[PDB]
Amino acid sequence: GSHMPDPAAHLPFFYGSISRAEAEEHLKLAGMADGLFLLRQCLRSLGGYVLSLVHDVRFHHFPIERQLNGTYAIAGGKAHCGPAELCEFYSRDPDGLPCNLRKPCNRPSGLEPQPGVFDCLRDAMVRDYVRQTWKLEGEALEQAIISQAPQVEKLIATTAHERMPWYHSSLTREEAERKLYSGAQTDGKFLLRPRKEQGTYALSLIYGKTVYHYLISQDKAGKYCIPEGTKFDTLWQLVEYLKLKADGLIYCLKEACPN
C-alpha cells in the first residue's frame, strides 16, 4: 500500500499534490474574492507546501519551505510549527502577503487530497526500514507503518549518512569505480561518497557494466540535490527517492554496494 497521507490531511482547504492549474481552477469556481485561499503540497520540496491565495482577482502562489527543524515558512517569512498554524497566522496578519487570509477554499464535497510522488517516497522508505529492521510483513507491516512512520521519519530524515551501508566515508573517483566494477556489476549497483568541496558528495552507480558519477550538492538551506534539482533533508531520503525516479540519472538506484 505505497503512498502515505500528508500531515495536513485534516485541513479542509488542503488539496494535496495538485498543479497550480487545478488549484487555480478550484479558486476560480469558488468566488475569486480577496482573501480566498487553499493549501497544496509543494511539487519540488519534500515536506513542502504552497499557499495559493486570491487578491484583486489575481492569483498568488507562495511556496512553503519545510525547514530542517520541522517548521514551515514562506521565503523570508516567519517560522510556524505546522501548516495549520501558518494559515491561522496569516488569517490574522498579512505580514507581507497581498492581504490576510479570509475564507478558505475548502475542497468541494466528496473530494480529498491527492498523493504525489513524495507520498510514495514516504511510504516506501518507512516500509523498507521496518520490513528490513523487524522483518514485519502483511497486515502486521501495514500497522507498524502507521505507528512507526512518525519515528521512521524522525530517524530517516535525521540519521547521519555515515551509518548508511551505501555510504563510503573515503573514496576517490577511481577508488569508487574499482569497487563497483568488482562485484555483480548489476544495473543500479551504487554507493555514495564525499567530495573535496564543502557540502558536496558524489553518487556513483553502474549501468551497462559502466560507471557513472553524479554530483550531489547542499544548498544554503542545508538540503541536498543532484542537477535535476529535487531537494532533500538527507542523502537517505535522496537515495530512497532516486530508487523511485531516475530524476536525471541514467538508471534508478537498486542494490547498495556494501560499506
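One-based numbering along the sequence shown.
A.B. asks: Please compare 222-230 with 202-210 and name the stretch with the higher mean C-alpha B-factor in the deposited structure.
C.D. replies: For C-alpha atoms only, the mean B-factor is higher in 222-230.
A.B. asks: On average, which has the higher Cα B-factor in the deposited entry, 16-24 or 235-243?
C.D. replies: Mean B over CA atoms: larger for 16-24.
A.B. asks: Among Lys189, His161, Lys103, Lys78, single out the one with the highest C-alpha B factor in the record, please.
C.D. replies: Of the candidates given, the C-alpha B-factor peaks at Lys103.
A.B. asks: If I read the C-alpha B-factors straight from the PDB entry, which of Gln114, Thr71, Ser91, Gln185 is highest?
C.D. replies: In the PDB entry, the greatest C-alpha B-factor among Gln114, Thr71, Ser91, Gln185 is found at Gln114.
A.B. asks: According to the PDB entry, is the CA B factor of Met4 in the bottom, middle or top third of its chain, that is, lowest, middle or highest?
C.D. replies: Its C-alpha B-factor, which the entry lists for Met4, ranks in the highest third among residues of this chain.
A.B. asks: According to the PDB entry, is the CA B factor of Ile64 in the bottom, middle or top third of its chain, that is, lowest, middle or highest?
C.D. replies: Bottom third by C-alpha B-factor.
A.B. asks: Based on the deposited C-alpha B factors for this chain, I'd like to know if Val50 is in the lowest, middle or highest third.
C.D. replies: According to the entry, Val50 has a C-alpha B-factor in the chain's lowest third.
A.B. asks: Comparing against every modelled residue in the chain, figure out the third that the C-alpha B-factor of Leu36 lands in (lowest, middle or highest).
C.D. replies: CA B-factor rank for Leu36: middle third.
A.B. asks: Rank-wise, by C-alpha B-factor, drop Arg58 into the lowest, middle or highest third of its chain.
C.D. replies: For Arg58, whose C-alpha B-factor we compare with every modelled residue in the chain, the answer is the highest third.
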